[PDB]
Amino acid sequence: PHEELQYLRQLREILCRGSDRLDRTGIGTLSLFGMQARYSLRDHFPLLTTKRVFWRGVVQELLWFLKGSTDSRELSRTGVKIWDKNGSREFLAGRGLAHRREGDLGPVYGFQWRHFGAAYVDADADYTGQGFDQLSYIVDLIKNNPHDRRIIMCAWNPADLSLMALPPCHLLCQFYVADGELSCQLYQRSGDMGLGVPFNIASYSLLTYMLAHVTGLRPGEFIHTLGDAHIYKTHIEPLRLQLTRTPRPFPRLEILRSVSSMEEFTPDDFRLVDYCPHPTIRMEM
């Protein structure tokens, strides 16, 4: 069966037996707790096809994370605007972080990944050598101790929550090496099935391809584990539309160049081959 059907089945399960609860946004959601799906990376790339996924966003955001940035202006410069609402001086003021310059998200993914446990100053500070560099950590383990059971990168630092524009949803990833293949499991505490989850599958699938490339391994599987998997009430009509669509065969992902380091990737290094999605489905928020 087409692997996209897991996601579509999860949509149906939530619609059909999800709990109706008033959430933070006050829009209301239907939700289930605890889900898991499995996506092969060996012969294709799991970029969902029953709607067009914002691939350009997926690529730029991950490279932005990987270099340790916490500056939304830095992502915005590449034309990807998805963090700009959260980086505005207005939004930050609303969070009780009015002292921040425009763009300073606080110690979000980039900072946690490259400097876990360091004291955050601002987005312009030099954090060289400060905190625990989890990216170096996992690459070293994958290369030199591939069967280790602690190949983890974690973004959840509760001591840093009050400094963050938003608390992370992707709590950690774990990697696993067997038979020359690299696999990845993501624990995501909160998944907006409508706008978030297809994008998120793509992000960590991409990360796995990049790590596999850099470490001389082939991509294996991506395992997506969800906590609160939910559908916003405002998404019920477009998602019912999406549920009428049959998945197309997944595309392939090609890396166009030998890249020696996780930090040396650029968007021009990737080629998506035969991505043929159904049309974009607009959904509110």
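All residue numbers refer to positions in the sequence shown, first residue = 1.
Colleague: Mean CA B-factor: is it higher for 258-266 or for 9-17?
Modeller: In the deposited entry, the stretch with the higher C-alpha B-factor mean is 258-266.
Colleague: Averaging C-alpha B-factors over each stretch, which comes out higher, 48-56 or 22-30?
Modeller: The stretch with the larger average C-alpha B-factor is 22-30.
Colleague: Reading the B-factor column of the entry, which of 206, 195, 186, 212 has the highest value at its C-alpha atom?
Modeller: The C-alpha B-factor peaks, among 206, 195, 186, 212, at 195.
Colleague: When the CA B-factors of 127, 156, 176, 199 are compared as recorded in the entry, which is the largest?
Modeller: Top of the list by C-alpha B-factor: 127.
Colleague: When the deposited Cα B-factors of this chain's modelled residues are ordered and cut into thirds, is residue 4 in the lowest, the middle or the highest one?
Modeller: Ranked within chain, residue 4 CA B lands in the lowest tercile.
Colleague: Can you tell me which third, lowest, middle or highest, the CA B-factor of residue 42 falls into for its chain?
Modeller: For residue 42, whose C-alpha B-factor we compare with every modelled residue in the chain, the answer is the highest third.
Colleague: Relative to the other modelled residues of the same chain, rank the CA B-factor of residue 147 and answer lowest, middle or highest third.
Modeller: Middle third - that is where residue 147 ends up once the chain's C-alpha B-factors are sorted.
Colleague: Compared with the other modelled residues in the chain, in which third is the CA B-factor of residue 252?
Modeller: Highest third - that is where residue 252 ends up once the chain's C-alpha B-factors are sorted.
Colleague: Which third of the chain holds residue 136 when residues are ordered by C-alpha B factor: lowest, middle or highest?
Modeller: Residue 136: CA B-factor falls in the middle third of its chain.
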